[PDB]
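Colleague: The structure under discussion is supplied below as structure tokens; questions concerning it will follow.
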Ligand SMILES: NC(=O)CN(CC(=O)O)CC(=O)O
Ligand SMILES: NC(=O)CN(CC(=O)O)CC(=O)O
Ligand SMILES: [Cl-]
Ligand SMILES: [Cl-]
Ligand SMILES: [Cl-]
Ligand SMILES: [Cl-]
Ligand code: NA
Ligand code: NA
Ligand code: NA
Ligand code: NA
């Protein structure tokens, strides 16, 4: 594994990658050393969200223009866009790049490492079933090794992008005598993320191998580091593993915890603590002093329709889906911790953290 | 002035007032002494929000059934319903009732006092112009006297409910050859709140009497205690003035501060401090120990489209209006402070606190 | 019993004044009102509370102006289909019985109405055989109440059944029961679908289906079922409408099918079957006041196309296809009738063929 | 004037231009002879609709790839994307290309002619004011001359694409000490179309030059052929003038009429008649027999909130804006006439036909 440089840049428009271009010009990182991008785009966050492909193309063109890598090489860089920036959430991209050896001093302290992998092809009949779980788990171990990590406890954040079900793939499944878990395009999104999350939890040894009946139903089964996204651009699981390794060097370190509910700011502080920042007992955003790069977390409205004993009407709201409602709410909860509205807040959290909450990972600048 | 009993009760459904009925049966307060209700309803929060009148009638029926007051006496109790409970916000009602002097300890420490008034009828052509401002100012001054307050500095929170513009009233406006400030019903909600806020600010002597040119344009002109809501429940300004008075007694006290932006949790803590709660200097929701009755605050998306230097896309979002996005966001920010999703968070804050923020008032149980 | 049918506008969410005016003008008697079917201007989904507001305004007129007790009025089936996207005008169709001394009873087929309330439908019943069997029994009850023995004489069955809410899902699980789904919005389609199969069983259009058929076997459907769901009553509100000879009256009902959202000919066919003699290519101006209302279902097809052209309704996370296709068919329908007050209802599982729905028409013949 | 070839092709996805590529390969038309595109995209149709630029880029790249025209020449081809395909409306593009004289039959019958222009740059302070009106009028006169039309009566359809107001452009306006007609981005859509429509009406001599106070208020002033759309694709007015000329030849002819209200199917049939299709009285979609290329029309919710005496609640609906409601409704009304869900139905028709309705143009294949 290599030492990693991590930069979070704003998007000034749906098609803006100029801040990545500026980092390259200022020599903060090298175009060809960019190995992964994880960001938030200002689309609706649902099925018909096309701000993800716009941002995807704007960034790959900067990488192709400013580096010696060929456009075919750039296309292999995993870029994950979580649509939907309700409320104060600021569209942004977190850039992961390798550092040249002559810029790193390797320490025995744990420092940030990144691994990437692509699973075997996921067919429409795999989605949400043990076939998806097993294929994802193998890819997660692959990306884990690529990061130079052997201990699952050193994995703090796993970001994925998996296929959805469409009319075309559903027809494809049935034209070979296969079945699909569901035919609702919106619901397959939660299904794809859920099955992928269980895969992550298996590879990392957080749970025992579950059954087909567990997916979307056994919500006590979950991963504490899984952040799963789905879409249509790819028929494979794209895996990005972010963790720590000793003896690699670098300035950044990752840690994680869990949010037990949408208001659990202490869970976020716990992730920042676990990432290696020493903070006061009751910390405030002003205590961070520039040292928080970003946080990455999931959230969801709980099955019981309550938070801390108080009823809300999210699950009954046919006007604005609870996906967008809870995203905005936790966006404010999270940005109030970090002091920076540029936060990675993502919805659809089946088997991703405890029911009604989600995992939270934090990357900090330690030097 | 009279001692006030303040209770915050949940709404278990759109038409539920059972928790108010139970307070009356348990002798916590008397039906005939309820002088104002301020609550959050689970409607959409815009023009076609009819959960406001459903809750309005369900509560007025408990007051009429369980008290000796006539139904037209009850109809003059100002009941303000702020629709829209996006995110975790829990539908609830804050009930204000008078206590007989024989039951409160008349410390000369400042304790809660409440004043009520109804403006003249506000016609659709009045909305957003000097006619609305002058009518509201008169009602605010009357409600201030009704609270037994002479010094405007003792007013911490002015909650209003004013008519907005609908097709019907716009049609009514034109049926007399009269004009309306705007015919976009959704934006007339911001207009009605703004004109009412300026009314409050003049009555309290925070600003000089403004002109028609200033409404919605001179955003440096604002009140520091105005919380203005608009709706379809009544064609007059329902005024509730809440402040403190010495020598009145009671167990509750109000204070206020300002939120500089949607993430300004410290502004909320400042209001709770100003209300008279001793708190640690890095406070947490667990420090409140049941002593926070509720907080009442306004919020809005800033005109420059940024929070703390970070761009957001609220003002360009044609899918989910920024009213609902920022409400959900600030609901989470606020509920994380109080630890109680039952918070009064209201949107559209023209001339209500500084641009991009709003006032925040807090009522605490001191004993 | 001869039936009087009146369609009245709602001037606001809580307005029942036009029903009060019909009673005052002697057009019909409060206690003879036996069913109401209407459109309310709510969102048409789960959190639509304009249905109970209109429910309250109308029931208060009925018992205020009649000798019926508020407990009897509560037994009058009132069906509110929320969502009036586009030009659709909020309205109520009132069905009342006529006193014998005002009726000229003819052997020509004339309108008859039957009503029933099913057994209690619990959240675990929704979408399963328990819902199907309880609805079927109530439909047969309402059918007998209409004085109809032949199912072919039934042209229109309008229902209102509970959907699933967070409250009812909680109650189901607080008794150790399961629910077909926990997505409240999609439980609307489930409740309509299970109720439609119930209607289809009672009328002998299909054999009794299985739990696995609900929402999946879309070749199974009723040709007269119009099923709506909401949060107004925890039972199936049944209204059976058909024709009977020798009863008298001046209204007659007929029906046909809309094969897709644009099938205006299907609507004209229903008006024809109701007994209006119309030109080959009819226009709204040909109706000459004789169309009381039409009642129809619509839905977005699973294959995402209408007449070979793809649309993006099923992928739209911003505005649900329920509201999109309702507005679209509202325009298609109002263009036929010339009257934006049309009963257009969305979510048509097992209600007509896939991608379409039934359409019933009531006409004034004299 | 050149003879025109008109083809309507479906969009199989947001970024699909393959059907245009197929027309070029099959020799139906020449890449470099494509002079205008008018289409419907499956975005939300409001401010944050980015399916317009996605389709814009996909089409210009086919034009640049398959022709000898330079990319900056292609950029001057007016391509108008009307977002929002609510209901059955099918995403599609109508392609207008010139035909070499040697491929058409010279007839003295009126046949289709097309003219194009780009206006002077329109800044955010221009939108909705006399500056926009005068700039658009000049461009329309240029596009009319480019079509070889001298008599305004020969113009049947003027399609435009103009900038609307966003936070960015509003911030740009204020960063130079300028004002904007409004700061409600969603409302500026109606403003941009309205000001452009008055421009068209001036150039065509349908009205006298209006004042700033007339825009959005004097709805008796309107053009009978203007179809104005706004978005974020270009900061200038893209003008397409479509009419008929004698002695030019070609297969296609255009005509127009007016829709008085959303249900006025006869208005649509009248346009098809005027375009030169001999159809039966009481026509049906089955009478068209493949000869209707497309229809292009405007629609809007009337100011008085009624259609044919019946109240609707479109204008009070804060959940789904009346733009999307009436678009879906008229989409069904229109597609039922044509039998083809691929129809150009456009919303927001200020000064475009009479209030509550809009113009409707039809292009037919006559041979
Ligand atoms: N990719 C997903 O599963 C859910 N995504 C959907 C999207 O990005 O449009 C929303 C999110 O990540 O918060
Ligand atoms: N008319 C407009 O300005 C916007 N358009 C949609 C768009 O292109 O943004 C609405 C329509 O054409 O129906
Ligand atoms: Cl190296
Ligand atoms: Cl350590
Ligand atoms: Cl009798
Ligand atoms: Cl051909
Ligand atoms: Na979770
Ligand atoms: Na403010
Ligand atoms: Na159907
Ligand atoms: Na118009």
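By Swiss-Prot numbering, chain C shows 3-368, in order.
For this deposited structure, the header notes the method as X-ray crystallography, 2.4 Å.
Positions of Cβ are set from backbone N, Cα and C atoms, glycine also.
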Colleague: Suppose a student reads Swiss-Prot and sees C:83, C:84, C:194, C:230, C:231, C:328, C:347, C:348 listed for substrate. Which of C:53, C:130, C:274, C:283 should they find annotated at that same site?
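Modeller: So, going by the record in Swiss-Prot, that would be C:53.
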Colleague: For residue C:162 (active site), which residues of its chain lie six or more apart in sequence with Cβ-Cβ distance below 8 Å?
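Modeller: Long-range Cβ contacts: C:79, C:80, C:81, C:82, C:230, C:231, C:232, C:234, C:235, C:238, C:239.
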Colleague: For residue C:350 (Mg(2+) binding site), which residues of its chain lie six or more apart in sequence with Cβ-Cβ distance below 8 Å?
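Modeller: Those within reach of residue C:350 (Mg(2+) binding site), by Cβ under 8 Å and sequence separation of 6 or more, are C:194, C:299, C:300, C:301, C:358, C:359.
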Colleague: Are any of C:53, C:324, C:328, C:348 (the recorded positions) within 10 Å of residue C:355 (Mg(2+) binding site) when you go C-alpha to C-alpha, and if so which?
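Modeller: So far as Cα distances go, none of the recorded positions lies within 10 Å of residue C:355 (Mg(2+) binding site).
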Colleague: Which residue counts does DSSP give the region 'RU B' (C:112-247) for helix, strand and coil?
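Modeller: Here the numbers are 50 helix, 38 strand, 48 coil.
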Colleague: Since the record lists C:230, C:353 as binding-site residues, which of them has the fewest other Cβ atoms within 10 Å of its Cβ?
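Modeller: Across C:230, C:353, these binding-site residues, the one with fewest Cβ atoms within 10 Å is C:230.
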Colleague: Give the helix, strand or coil assignment DSSP yields for residue C:353 (Mg(2+) binding site).
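Modeller: It is in a strand.
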Colleague: Given the recorded positions C:53, C:324, C:328, and counting only Cβ atoms in the protein chains shown, which has the most within 10 Å of its Cβ?
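Modeller: Of C:53, C:324, C:328, the one with the most crowded Cβ is C:328.
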Colleague: What residues, ordered by sequence, lie under 8 A Cβ-to-Cβ from residue C:84 (substrate binding site) and sit at least six positions away in the same chain?
Modeller: C:41, C:42, C:43, C:44, C:45, C:46, C:47, C:50, C:52, C:53, C:232
Colleague: Using C-alpha positions only, work out which of the binding-site residues C:348, C:353, C:354 is nearest to residue C:324 (site 'Important for substrate specificity').
Modeller: C:348
Colleague: Per DSSP, residue C:328 (substrate binding site) is which: helix, strand or coil?
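Modeller: Where residue C:328 (substrate binding site) sits, the three-state DSSP reduction gives helix.
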Colleague: Taking only the Cα atoms, work out how far residue C:354 (Mg(2+) binding site) lies from residue C:348 (substrate binding site), in Å, as a whole number.
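Modeller: Counting only the Cα atoms, the answer is 12 Å.
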Colleague: In Å, how large is the greatest distance between any two Cα atoms among C:53, C:83, C:84, C:194, C:230, C:231, C:328, C:347, C:348, the listed binders of substrate?
Modeller: 17
